[PDB]
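# Below is the sequence, then the experimental coordinates.
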Protein chains: 2
Amino acid sequence: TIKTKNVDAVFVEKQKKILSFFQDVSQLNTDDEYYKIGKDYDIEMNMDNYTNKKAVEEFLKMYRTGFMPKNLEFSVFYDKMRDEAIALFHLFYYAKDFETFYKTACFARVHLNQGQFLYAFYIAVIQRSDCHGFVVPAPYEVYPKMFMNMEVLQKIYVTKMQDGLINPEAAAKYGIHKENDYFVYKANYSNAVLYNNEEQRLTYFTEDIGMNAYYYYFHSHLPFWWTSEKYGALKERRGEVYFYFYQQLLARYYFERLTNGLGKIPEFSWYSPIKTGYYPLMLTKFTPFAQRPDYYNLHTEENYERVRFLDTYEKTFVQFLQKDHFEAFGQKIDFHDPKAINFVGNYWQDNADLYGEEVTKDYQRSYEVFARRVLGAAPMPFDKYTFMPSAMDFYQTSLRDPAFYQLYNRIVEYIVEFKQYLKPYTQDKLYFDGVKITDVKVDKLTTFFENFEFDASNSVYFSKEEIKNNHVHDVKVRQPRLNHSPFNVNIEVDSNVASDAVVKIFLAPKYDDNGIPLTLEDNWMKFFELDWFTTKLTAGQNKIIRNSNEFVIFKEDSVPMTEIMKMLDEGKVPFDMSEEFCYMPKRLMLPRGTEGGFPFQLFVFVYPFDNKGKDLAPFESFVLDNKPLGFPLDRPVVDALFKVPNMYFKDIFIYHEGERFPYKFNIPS
Amino acid sequence: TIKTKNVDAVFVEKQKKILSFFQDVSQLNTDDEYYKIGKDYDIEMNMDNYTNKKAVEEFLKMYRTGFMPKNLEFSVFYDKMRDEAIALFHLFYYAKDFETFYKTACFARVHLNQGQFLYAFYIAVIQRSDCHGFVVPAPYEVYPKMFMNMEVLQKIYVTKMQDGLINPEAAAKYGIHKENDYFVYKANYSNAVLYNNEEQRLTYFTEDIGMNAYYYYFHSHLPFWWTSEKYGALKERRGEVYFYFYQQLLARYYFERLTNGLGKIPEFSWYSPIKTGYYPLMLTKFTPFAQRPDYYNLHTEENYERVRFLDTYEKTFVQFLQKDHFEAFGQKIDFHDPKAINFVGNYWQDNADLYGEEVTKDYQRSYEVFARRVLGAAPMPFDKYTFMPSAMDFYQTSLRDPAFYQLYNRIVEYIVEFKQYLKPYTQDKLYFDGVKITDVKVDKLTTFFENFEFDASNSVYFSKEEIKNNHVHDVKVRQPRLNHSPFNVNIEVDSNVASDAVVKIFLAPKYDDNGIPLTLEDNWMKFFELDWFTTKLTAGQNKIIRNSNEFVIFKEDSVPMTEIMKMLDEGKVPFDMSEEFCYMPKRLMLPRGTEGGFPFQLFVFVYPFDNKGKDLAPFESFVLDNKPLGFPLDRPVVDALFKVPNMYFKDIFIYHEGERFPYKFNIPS
Ligand SMILES: *[C@@H]1O[C@H](CO)[C@@H](O[C@@H]2O[C@H](CO)[C@@H](O[C@@H]3O[C@H](CO[C@H]4O[C@H](CO[C@H]5O[C@H](CO)[C@@H](O)[C@H](O)[C@@H]5O)[C@@H](O)[C@H](O)[C@@H]4O)[C@@H](O)[C@H](O[C@H]4O[C@H](CO)[C@@H](O)[C@H](O)[C@@H]4O)[C@@H]3O)[C@H](O)[C@H]2NC(C)=O)[C@H](O)[C@H]1NC(C)=O
Ligand SMILES: *[C@@H]1O[C@H](CO)[C@@H](O[C@@H]2O[C@H](CO)[C@@H](O[C@@H]3O[C@H](CO)[C@@H](O)[C@H](O[C@H]4O[C@H](CO)[C@@H](O)[C@H](O)[C@@H]4O[C@@H]4O[C@H](CO)[C@@H](O)[C@H](O)[C@@H]4O)[C@@H]3O)[C@H](O)[C@H]2NC(C)=O)[C@H](O)[C@H]1NC(C)=O
């Protein structure tokens, strides 16, 4: 009941070497051969084993100067740390073949900082062509400390320090149980100990382990600091991809807001206090994460120069808008051209493609970075390697901070400003000659919470003894997560001539906060894409059934590594972990319903699938179409020029079943 | 012990003529020759005595409309006043020969405003090529009102009104003595009577008459409003000079902070209040200087327009930074080119070379001018001629205001940002083949205070009789100033191959406030240049000895103009007044030490003096090198790629002897 895939001899060996690097991540097994290789591995001597002579040499210059020390906390948002990560990445990426790649990782495991290494290695496995189709573990199994509050962490430490339970019945009262040879820890979301404002209503979504894993994967698939030359025709669509990822996410987030009675993400000002604080319960081996109190003055002394930069970055965009056509960064740009999204997105991201370069440079200040830093409310870094981490210093923690959504909402709104320059689609562009959707029905939509466990053993240090006996996997975290029942969408379509067609499904809200029905005019960016697929219509009447379990845009829960070691002994590999790893998890498709049925709408659009003109398959198997991302809702709409027979809006209601509140799953006795 | 130099009777005559203008500056001896000349001198009639037809006619058109009247305060920061000052400057500068120049000045002295006259005269003498080699007295002897508090000034005034002392022994209690036919007045720094913030710890430095006089010399050697075409080579290096002057000044000042336990120069915002006030104790014959209380809100109604200007001026720069390469002011500028420092500096000073013009124009609004006005806290000028002066309307007083250092720290920092586009030097450019420094040794470095007197006679008004008999020199001010004992520096070098070499000496802090050692990466701009020189290396081992009083970047105290008359009778002039006019005074070379010995470091650089492809001899006898100013600390450094055998960092300690506190010298007993 987990989507499998079969696998040969050479594959399993490599995959085992790859997975070796994600276990006991913060320690070293002296007896493991990865260590014997690693200790003595000579990079200079091996120079002929890399595609890029200057990458080896650049790495070597940095490595003698000195890399970040071990145990210190790694973040890519800081110059020196990132530069070392990139130098390391290149070395992984330009290794002639697997053997060389493997050995280089061995050395790097042994000699360099843990976070820096996993960061670079993870990315490398995703980017190397010979590695395509291999599997990596879930971010939460690799970095467990970042996916869980203190309370849990500390129970784990205590149990480990005691080598078990002094009182099993007392431990039980704290949600700690022995299940055969596992220690299982129940975990509440933070609102169960902290309700310091209404945003805490959303913790089952913002603290969700999958959602946060999802953002991490997105970063890794194409990090901002690197070109996208490797992905070919997506290079000319990179900005579009950046807008759409964020647009989709904020729609999804917004949906969660609506169902907990919260409305719009609030606007903010670099020159004013920001309302909602963030009080993180994460610990770092060396420090606590930094808090932002409520009404925090973003314009305090330490931030003056920072705010001057950020304000100018924005103002420079506002200038672009005002002048329509202009030259910036070596490019004549026209805001009338829909292709300009590429520039717009690239600018807001300060990625390598903005400059037409392979890697970004220190003097090219990113807006995202400094915005993250200021809103993170940290004191000034002590030095190049010693900073006070906030949620927004890591891709694995960002979604936890309401301020993150404020920051990307603002960015998305500026891109929407650019999108106002595009002419709206006319009838002719949308009309599907002789095709009409006559009905849509939907099975009941119910959400519900359900326990989920993940391997949390990397959070813990084992003894020399335990590392040798390989007893390194006995810590699991149990947590209630959002889920929903599978559902069919029944679509009835009429057409004169048989034809190849594209079907698209979107989710959007039905009402604003006041209970007025949504116009497309104001609300086209609040539509969330559920699925696209192709069918063949016949003359007459058509019945199209599509199940939620088969929506192209979502993945299944990933499998724990231990379960993957099991499968590799059988020649099996978890399919969704191989090629669908960076999709949103299925269980989070729907926002949490209400007991009464919260009102939403399904938008179904059917259009002709002409041929395979402009065709994305290098980055994402997403857009085998000539069409903008989120077509037909990638620009302003006029309600009356828009609605055509091959469109259907269906009113639907999202229900919720069982326990309403995650914490009711975590009570003892 | 004053460095002398011999001269002929033609010089003495011209020199006496030049000096005559600085006697009794606020009055007219209608008996003196300068009067007879001045009264009747017809300018129109003498048009053929000027290199520039239209400068004469421009002047005479200005003069018929009317110039700034007598007695009112002049400052070059106000449009109409500047333009009259320049108009008069041209007249002085284009005089055919000395005779013409002299008669012209006589006219200007009798008929024009005295601060206006003096300002132009001073510059003219430095600028006229036929005046190179001449001596001008110390600015504190010329504008003694600017170099002393109200307290001393009032005592001086009281003594003149009474025509002496009613009570010798009561006078003594007030720090007033008669020695010879002189009145000596002791004077404290302002902190002995005012302690409104911590910045008052530093008034022996910021109130130092030498330091302030220094800044006025710097301005006079190259006014922002005038092209540098007359200095040839320096033109393509003007911006670099501007940066270097402030960078140096601020390193020196920062050192005074550290020894007084005060740390970094605070940053500010145009949109926020600024913390540290200034409460000037200086008097204008017409008005009091403006006060800025602590927590002065920069952004009040009267400043809304000026602050919109400052902000765009800054932001345009942030945009240049973000753009890297761009066309500004009719020039394509590239930020990876180190030579762009010319444009960078010019942009911040808004000097004539920014526009490639002879003289700046009214509509070319200056950033520094408007920062000075905003921070000056004055109410709006009454009219074109009537303003409420602040320390920052004058070069003679600017250094007295903590806000001065914050303004230029601000500008320097923005320049540092651009410096990040420069590639750091490699091993290769810094490495002296076969040369190594084995040791550096320093004599004890000690500071101490000793009394210093100056002629303050210009602050006082004499009677018709006294003006006749020429008893007009009788007022001296006695004030403790910082000084230091002479010290030697032994450099021991090894070289296999004999050759010419440059030796450079730099001073720097050793620790921040936390007492962590300065890394070069962060702290390269906190280095202060003490000395530049060349020697001949031989095969083997050499000892290079250099005394602190051979240091090229510093000068001895000026001698009073009275003593210059004594000397001119022997046919002598003091050397350091003639060609070392605008260096910092030697006594202020070192920061005030502590009695336990404050930790600094001394940096010593030795590199080949190859040829002299391009060397500075125009304004400054300074960089006889193709090397950037502050080479090799003119751009960001990499600790690892930096240190080579021909560099030496030595830990040094700065002591202090006798009284720690200046006021202790002015106690009567
Ligand atoms: C309490 O607080 C303090 C203050 O923050 C902490 O003190 C710091 O501790 C760390 C140790 O954790 C120290 O780092 C070490 O410094 C050693 C020496 O530093 C300098 O020398 C290096 C070596 O080069 C020398 O070569 C010759 C000798 O023949 C000399 O000519 C020359 O002077 C050099 O000293 C230089 O490369 C470097 O630039 C330093 O200036 C290092 O030997 C050592 O390096 C090792 O460790 C690295 C770990 O990342 C690794 O990259 C390297 O490969 C190498 O093996 C190490 O880094 C700091 O010096 C020290 N700071 C200060 C200001 O004193 C203290 O740890 C903390 N205590 C507790 C309990 O928390
Ligand atoms: C620069 O800055 C420093 C610091 O601010 C100044 O230093 C201060 O100088 C003061 C003198 O001006 C000094 O005050 C004296 O202190 C001594 C020692 O205790 C006293 O003997 C003096 O008292 C006499 O004058 C008083 C009023 O002026 C009288 O009340 C008093 O009576 C006394 O007179 C004598 O005493 C007899 C009374 O029985 C009388 O019969 C007899 O005839 C005497 O005349 C002063 O109080 C400060 O103490 C000193 N501050 C410090 C911290 O040291 C310095 O003056 C400033 N310099 C300049 C040039 O401006």
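Right, received. Where do you want to start? Numbering: from 1, shown residues only, chains lettered A, B, ... in the order given. Ligands and ions are numbered 1, 2, ... in the order given.

# pretty sure residue A:605 is touching residue A:627, no?
No: between residue A:605 and residue A:627 there is no contact under CB atoms under 8 Å: 10.7 Å. (Each C-beta comes from the backbone N, C-alpha and C, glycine too.)

# Which one of the two is surrounded by more residues?
Neighbour tally, residue A:605 and residue A:627, criterion other CB atoms under 10 Å in any protein chain shown: the higher count belongs to residue A:605, 20 against 16.

# Under a three-state scheme, what state does the residue lying closest to that one once chain neighbours are set aside occupy?
Spatial nearest neighbour of residue A:605, excluding adjacent residues (CB to CB, 6 or more residues apart in numbering or on different chains): residue A:504 at 4.6 Å. Assigned by DSSP: H, G, I helix; E, B strand; the rest coil, the conformation of residue A:504 is strand.

# need the contact list for residue A:504.
A:529, A:531-532, A:604-607, A:631 (CB atoms under 8 Å, 6 or more residues apart in numbering or on different chains).

# By neighbour count, which of those wins?
Counting neighbours by other CB under 10 Å, residue A:606 leads those with 25 neighbours.

# Give me the residue at the spatial middle of chain A.
The centre of chain A sits closest to residue A:215, judged by CA atoms, centre = their mean, with a distance of 1.6 Å.

# That one sits in which helix or strand?
Taking DSSP states H and E as the criterion, the element that holds residue A:215 is helix A:209-221.

# Strands along the stretch 101-250 of chain A, start to end?
With DSSP state E, counting those that start in this stretch as the criterion, the stretch 101-250 of chain A has strands at A:176-179, A:182-186.

# and residue A:27, how far is that from ligand 2?
For residue A:27, the distance to ligand 2 (CB to the nearest ligand atom, to the nearest Å) stands at 65 Å.

# tell me the SS of that residue?
Of the three states, residue A:27 takes coil under three-state DSSP.

# measure residue A:341 to residue A:253 for me?
From residue A:341 across to residue A:253, the span is 22 Å (CB to CB, to the nearest Å).

# Tell me, how many residues neighbour the residue in the stretch 151-300 of chain A that ligand 1 sits nearest to?
Among all residues of the stretch 151-300 of chain A, residue A:286 sits closest to ligand 1, at 10.2 Å; criterion: CB to the nearest ligand atom. Neighbourhood size, residue A:286 [other CB under 10 Å]: 11.

# quick one: contacts for it?
Contact analysis of residue A:286 by CB under 8 Å, 6+ apart lists A:71-73.

# try 10 Å
Residue A:286 sits next to A:71-73, A:386, A:388-389 when contact means CB atoms under 10 Å, 6 or more residues apart in numbering or on different chains.

# Now rank these by neighbours and give me the top one.
Of all the contacts of residue A:286, the highest neighbour tally under other CB under 10 Å goes to residue A:389, namely 23 neighbours.

# didn't that one look like it was pressed against residue A:280?
Yes: with contacts defined as CB atoms under 10 Å, residue A:389 counts as touching residue A:280 at a distance of 9.0 Å.

# tell me, what's touching these two both at once?
Listed as contacting both residue A:389 and residue A:280 by CB under 10 Å, 6+ apart are A:288-290, A:397.

# Span of stretch A:487-500 from start to end?
Start and end residues of stretch A:487-500 are separated by 25 Å (CA to CA, to the nearest Å).

# list the buried ones in it?
If you call a residue buried by 16 or more other CB atoms under 10 Å in any protein chain shown, then stretch A:487-500 has these buried ones: A:487, A:489, A:491, A:493-495, A:499.

# Could you dump these into TSV and include distance to chain B and secondary structure?
Converted to TSV, these look like this (distance: CB to the nearest CB, whole Å; DSSP: H, G, I helix; E, B strand; the rest coil):
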residue	distance to chain B	secondary structure
A:487	49	coil
A:489	47	strand
A:491	49	strand
A:493	51	strand
A:494	55	strand
A:495	53	strand
A:499	50	strand
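
# picking that back up, please convert the strands of the stretch 101-250 of chain A to CSV, extending it with distance to residue A:225.
CSV is the format used below for those (distance: least, CB to CB, whole Å):
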stretch, distance to residue A:225
strand A:176-179, 42
strand A:182-186, 36
